[PDB]
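Participant: sequence, then structure. It's an experimental one.
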Amino acid sequence: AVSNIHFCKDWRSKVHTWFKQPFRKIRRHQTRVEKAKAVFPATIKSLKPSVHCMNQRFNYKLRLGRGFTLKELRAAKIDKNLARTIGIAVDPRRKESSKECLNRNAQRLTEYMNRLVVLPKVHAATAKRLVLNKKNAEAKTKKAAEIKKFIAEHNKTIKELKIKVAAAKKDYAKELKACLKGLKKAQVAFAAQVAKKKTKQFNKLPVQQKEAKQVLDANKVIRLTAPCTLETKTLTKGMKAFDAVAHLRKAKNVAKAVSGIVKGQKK
Amino acid sequence: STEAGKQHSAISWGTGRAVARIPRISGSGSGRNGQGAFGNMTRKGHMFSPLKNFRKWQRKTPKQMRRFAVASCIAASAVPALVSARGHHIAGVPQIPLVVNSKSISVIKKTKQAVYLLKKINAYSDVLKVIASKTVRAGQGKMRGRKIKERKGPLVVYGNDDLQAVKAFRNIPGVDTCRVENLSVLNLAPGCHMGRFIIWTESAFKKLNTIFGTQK
Amino acid sequence: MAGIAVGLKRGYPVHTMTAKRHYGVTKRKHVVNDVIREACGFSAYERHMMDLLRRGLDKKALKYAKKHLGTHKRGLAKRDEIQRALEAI
Amino acid sequence: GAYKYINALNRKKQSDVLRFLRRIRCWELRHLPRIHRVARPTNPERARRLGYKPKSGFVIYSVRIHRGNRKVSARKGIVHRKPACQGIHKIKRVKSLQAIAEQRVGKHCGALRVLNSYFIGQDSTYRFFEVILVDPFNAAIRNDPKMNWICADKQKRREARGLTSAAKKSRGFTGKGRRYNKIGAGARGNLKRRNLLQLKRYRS
Amino acid sequence: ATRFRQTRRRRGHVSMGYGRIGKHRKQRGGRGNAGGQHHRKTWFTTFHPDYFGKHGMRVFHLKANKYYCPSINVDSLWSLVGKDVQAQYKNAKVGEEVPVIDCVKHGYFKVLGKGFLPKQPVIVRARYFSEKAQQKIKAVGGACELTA
RNA sequence: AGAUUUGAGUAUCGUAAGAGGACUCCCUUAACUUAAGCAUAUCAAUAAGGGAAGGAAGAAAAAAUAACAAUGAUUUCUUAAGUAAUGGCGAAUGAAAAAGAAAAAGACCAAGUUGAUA
RNA sequence: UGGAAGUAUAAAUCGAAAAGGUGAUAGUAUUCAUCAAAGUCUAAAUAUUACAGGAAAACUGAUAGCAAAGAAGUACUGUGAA
RNA sequence: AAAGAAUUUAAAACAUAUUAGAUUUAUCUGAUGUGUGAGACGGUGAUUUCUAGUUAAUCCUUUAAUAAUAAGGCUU
């Protein structure tokens, strides 16, 4: 084997021994310990999005980017100025890449905002936010009554068919298509009726006085990916005759044929 | 030191002066000017290849073989023939995989209680061997701090809830404790011999099936 | 089902999403240009390039704008500007 | 405004108006000493872009530098080097003329801080700049939150360490990307990091 | 382990295992791969014949993430999901549920055809397929999907 | 005589100088050595010369990667990797995006606007 | 410089914009993707064999370990750097 | 000529026609519908294979896609 050793240059002055590694681990661990002590949401490692990886080699694995785009904070009904101060990162630079990435992150904020519990800006019980809460209980109670009423009359149908298919799946794993076919028709009608609708520009910050339960970070309570189990499908007659290779050799050959089209039409 | 021995500016005198060709110091007027220089064989010169601090001090080992050696040092501590041959006085102990009730451990807070413990289960015939056979080290070890060279005694492998009893056993001569999770070959097999006298506890003994698993 | 990995139409079926903002000048820039053009005039290379265009040597005005600016797309943009001032007199 | 016409005018440096205006200034600065403070800047659109503001503590200094390359400083053009390093002429400095002139003003007026500098004119023999200096200890500089960062200790001799806009380019800090791989975070601080032979503690 | 070397057994030998007629002088033919075409040609000819020369075009900035395509043969497709799941669905047919061996999740993109698949219908979902892989899957009574 | 501009002296209140340079940001066109000679090349941002600072310094908010189921300031570590490339294609010199971690913070001038203008 | 019909810096000549740069095989054209240079600041993760205060050691133990375990950069040599 | 449902509810480019405020020059700035770009049906069909006719291209690459010059590859 022909040697390739880059020691001809000076190397004894280009060495870096790692003797501080046992003590670096201690030094950083005694910073987080002394950082959560100061204010615990300091080390909370403010929430990050759920973005895919670049390149086709890892284009199926999710990972935490940095900062939610301006489009996600508006879709999740969050103020962009306030979001930075409640342990949510913001990345105005990043541009939205897909409507699926817009919904996937918008749920990430909504779930977190329901878990979030903000203490009053002033500890004293005479704070205006706490005062305004008791001054608007009468209006809040009426709003919750009408929201609850019309959230149940609209889902009066989606509930029963989703109940049927969920219950009908128990028999088949101890007919089913009839319950699934009926559910599909109901959800189509619901989608059309919504389009055939202004809402709150912002939601409300959850502000309350509670016990101080301190959690070192927020990305580990909202999992990136739901657990994946074995996926099984119905083996029909259509999938038994799908010429997969013939499709690959057709899409590739079309790409190589865009050269002939331009050459032909240029003469 | 990197610059130890090579701090001079000596250039070899050369042939034609009836002296060897080893480098010689320049200048004059001192007993050192004109003497031998850098060469490894001279006096006040750098040695053979000087020891550099970036050598390989620590060594690596595969995990699945590091845990293989622990399961073979625990397994040999249940054989009284091996344990006795290692220098342990297990003549009077009731059972060589000795256990003690976790309730008895929970009341231990003073060393006179842990000493009474070691006597009750007849484990003090070994601790007294460490006390009665403590002598000084031989050679240059004493110049550097290491003076007393004791022997080995029983190992009290405690558990998760026996933490407050550590401060009791920790001053008896030749009684070293180690948590059940932190077991290693450096504990169960010191000096490469095998069969260390282990005094378990109920909490640690009943965990060994979860930590180590079984053969199936 | 899950798109194809080759060809022009390639990739997982998703709904991709950006404005192509045009970095242009305002309407008053047509005034700031003539204010300074009137005060300053033309360069030693813009005046000779005007001679070629008056005699109809349109191509040699480009090969003289490229020699003094070093970019083909910045020679056309300057030849047009020069010839748009010839028709303004 | 009145400054979006001056900026657009100053871009026509080949106009007959400017070429005459710069001809007088290049005559004036030839006979005046090499570095000498001028009362107010002569390119105020460029002066106020680089940081100058007409407040106390800010001063403007003019520096004249002799342009053109120079021979390698070896006696009689004799170099005991291999033919690879035997040239004398045609050896171009890395640091620009701007950085070189900036470092001269900083040394002469050592009590102040160089903020930036710009170009004024040139002739066949010289090239004249104008350096915008700041007096850190002035009470107006200290009490302005947007400019008191120049009173920090690390800004001493800002230009001899290569921190100004003109001297940073000579270090390669113009843009970003894969065209600037070797100057990612410093020309030499990057080189030492790549050439390091990392010896871990538990190494194979 | 410097007591195991050859120096500890070669004490008392004057030459120290390096010969008297030819001593242990510093260099024995240059430093490194010197003399590749002059006096070590009998080495780079006997042991590395194609070392000297040029072959193939130059890729100025190769992108190694676009040549990445792991492959799994058909015989190893059923081992992705397991041997218990294979036996569970061993009597399935057309119309009833069969497992989908999503190869892309496990890190295998291409699916090649080598060896024999068990005689059970199966669904295979992967980015690229080989011509003889599709026949082997279909002849057993299965399906060949595509992803991304 | 008066209103300005520019250039000086004197006085008051302050400022740079020198020490140190282990680590940090740089200016300079060394050679021994390797190529079994040697002249491009390697030694080599290496030795010497020179300038400047701090407790750390340097970089920092895209005229950036990418061709994606897209990412998103800077720095540092693992991996890519002795790989793509360069080279009397000889000796030899040799990165970066992707991916995994530590830490995470963004703001300002000029230009533009408001002028019983400050 | 790995950057190869030029990756970066500088010098001589030339030198723009009803903007434009990049997509590393020079060229022109039409699309497409991503950014919007030519001013400035910004703690944290990082480095260290100046120096000072400490703790350790499978390190040396007076020809060893710094050159120096004592009034050691001391006695002594040179005009001088040393 | 023969087999073939195709996967499912939060949206930005503005190509377009109409208005409101301005400009005169290589003219702009706003806002409201529309389709574009749209995907949730054995029988229909998106789609792919086969048989011959016609046209076009045809050794590989310049790494977002093509083109004609240029350059680089393989064999001799």
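Facilitator: Yep, it's here. Numbering: from 1, shown residues only, chains lettered A, B, ... in the order given.

Participant: which non-adjacent residue is nearest the residue of chain D found nearest chain C?
Facilitator: Ranked by C-beta to the nearest C-beta, the top residue of chain D for proximity to chain C is residue D:15, at 3.5 Å. (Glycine included, C-beta is placed from N, CA and C.) Nearest-residue entry for residue D:15: residue C:40, 3.5 Å, with adjacent residues in sequence omitted and distances by C-beta to C-beta, 6 or more residues apart in numbering or on different chains.

Participant: am I right that the one you found is in contact with residue D:19?
Facilitator: No: between residue C:40 and residue D:19 there is no contact under C-beta atoms under 8 Å: 10.1 Å.

Participant: quick one: which of those two has more around it?
Facilitator: residue C:40 (18 against 13; other C-beta atoms under 10 Å in any protein chain shown).

Participant: quick check: the more buried one vs residue C:52, distance?
Facilitator: Per C-beta to C-beta, to the nearest Å, residue C:40 is found 21 Å from residue C:52.

Participant: with residue D:200 instead?
Facilitator: In terms of C-beta to C-beta, residue D:200 sits 70 Å off from residue C:52.

Participant: comparing these two, which shows the higher neighbour count?
Facilitator: Between residue D:200 and residue C:52, counted using other C-beta under 10 Å, residue C:52 has the larger neighbour count: 19 against 12.

Participant: surely that one touches residue C:65?
Facilitator: No: contact criterion C-beta under 8 Å: residue C:52 and residue C:65 do not qualify, at 9.6 Å.

Participant: give me the buried positions along the top helix by length along chain E.
Facilitator: Across chain E, the longest stretch assigned as helix under DSSP state H is helix E:131-140. Using 16 or more other C-beta atoms under 10 Å in any protein chain shown as the test for burial, helix E:131-140 gives E:133, E:134, E:136, E:137, E:138.

Participant: and what of stretch A:10-20?
Facilitator: For stretch A:10-20, a neighbour-count test (16+ other C-beta under 10 Å) marks nothing as buried.

Participant: quick one: that stretch near chain E?
Facilitator: No: applying C-beta under 8 Å from any C-beta of the partner chain, one finds stretch A:10-20 separated from chain E by no less than 15.5 Å.

Participant: chain center to that stretch, what's the gap?
Facilitator: 44 Å (C-alpha atoms, centre = their mean, to the nearest Å).

Participant: that stretch close to chain B?
Facilitator: Yes: contact of stretch A:10-20 with chain B (C-beta under 8 Å from any C-beta) involves A:12, A:15, A:17.

Participant: touching that stretch from outside, list them.
Facilitator: With contacts defined as C-beta atoms under 8 Å, 6 or more residues apart in numbering or on different chains, stretch A:10-20 is touched by B:52, B:53, B:54, D:192, D:195, D:196, D:197, D:198, D:199, D:200, D:201.

Participant: residue contacts, the second one?
Facilitator: Contacts here follow C-beta under 8 Å, 6+ apart; on that basis residue B:53 touches residue A:17.

Participant: switch to 10 Å and redo it
Facilitator: A:15, A:17, A:19, B:2 (C-beta atoms under 10 Å, 6 or more residues apart in numbering or on different chains).

Participant: one more: the fourth one?
Facilitator: Residue D:192 makes contacts with A:14, A:16, D:186, as judged by C-beta under 10 Å, 6+ apart.

Participant: tabulate those (TSV), appending secondary structure and distance to RNA strand G.
Facilitator: What follows is those, written out as TSV (DSSP: H, G, I helix; E, B strand; the rest coil; distance: C-beta to the nearest atom of the strand, whole Å):
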residue	secondary structure	distance to RNA strand G
A:14	coil	11
A:16	strand	6
D:186	coil	12
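
Participant: would you turn those into JSON lines with distance to residue A:23?
Facilitator: Formatted as JSON lines, the contacts of residue D:192 follow (distance: C-beta to C-beta, whole Å):
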{"residue": "A:14", "distance to residue A:23": "23"}
{"residue": "A:16", "distance to residue A:23": "15"}
{"residue": "D:186", "distance to residue A:23": "27"}
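
Participant: which of those residues lies closest to residue A:98?
Facilitator: Nearest to residue A:98 among the contacts of residue D:192 is residue D:186, at 38.1 Å by C-beta to C-beta.

Participant: what distance do you get for the closest residue to that closest one other than its chain neighbours to RNA strand H?
Facilitator: Spatial nearest neighbour of residue D:186, chain neighbours left out: residue D:171 (7.6 Å); criterion: C-beta to C-beta, 6+ apart. With distances taken as C-beta to the nearest atom of the strand, to the nearest Å, residue D:171 is found 29 Å from RNA strand H.
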